[PDB]
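Inspection log for the structure reproduced underneath, given as structure tokens.
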Amino acid sequence: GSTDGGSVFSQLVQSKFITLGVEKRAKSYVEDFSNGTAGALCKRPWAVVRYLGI
Amino acid sequence: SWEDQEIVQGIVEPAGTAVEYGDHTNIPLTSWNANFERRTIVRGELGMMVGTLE
């Protein structure tokens, strides 16, 4: 009876890879990159069964 | 120029010593200082007078 889509498990990834920037110095240079992720979302915990010790 | 008073000569003493190179070692820097000397200008004058009969 829902209206969301029924996705029991999802991985919300904002961005896999961003090139934040590059800084040039006299003797060296630096680069920085970043990523974003909101972890995993479970909408229906009743639809998951976990066993440990198999 | 003829209608001047002083001649100025500048002397620049530089400064700086090299160090061993290293990628992350801090950069040595060179510098300079300046001194000046002034000498007064002297103007000499000489003329002539000529007559027609002469």
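As you go down the protein sequences, you meet chains A and B in turn.
For the first sequence, position 50 matches number 378 in the UniProt record's numbering, and the numbering has no gaps at all.
For the second sequence, position 27 matches number 137 in the UniProt record's numbering, and the numbering has no gaps at all.
Where a beta carbon is used, it is the ideal one built from N, C-alpha and C, also for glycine.
Anything in chain B within Cβ reach of residue i, meaning under 7 Å, just list it in chain order.
i	result
residue 354(A)	137
Would you give the residue range spanned by the beta strand (DSSP E) that residue i belongs to?
i	result
residue 357(A)	357-370
residue 135(B)	No beta strand (DSSP E) contains residue 135(B), which DSSP labels as neither H nor E.
residue 333(A)	That residue, residue 333(A), is in no beta strand (DSSP E); it is neither H nor E in DSSP.
Going by DSSP in three states, residue i sits in which element: helix, strand or coil?
i	result
residue 142(B)	strand
residue 125(B)	strand
residue 112(B)	coil
Tell me, which residues are paired with residue i by DSSP?
i	result
residue 120(B)	146(B)
residue 339(A)	368(A)
residue 344(A)	None, per the DSSP bridge assignment.
residue 350(A)	359(A)
Measuring only between beta-carbons, confirm whether residue i sits less than 8 Å from chain E.
i	result
residue 114(B)	Checking the listed chains, one finds no chain E in this structure; the protein chains it contains are A and B.
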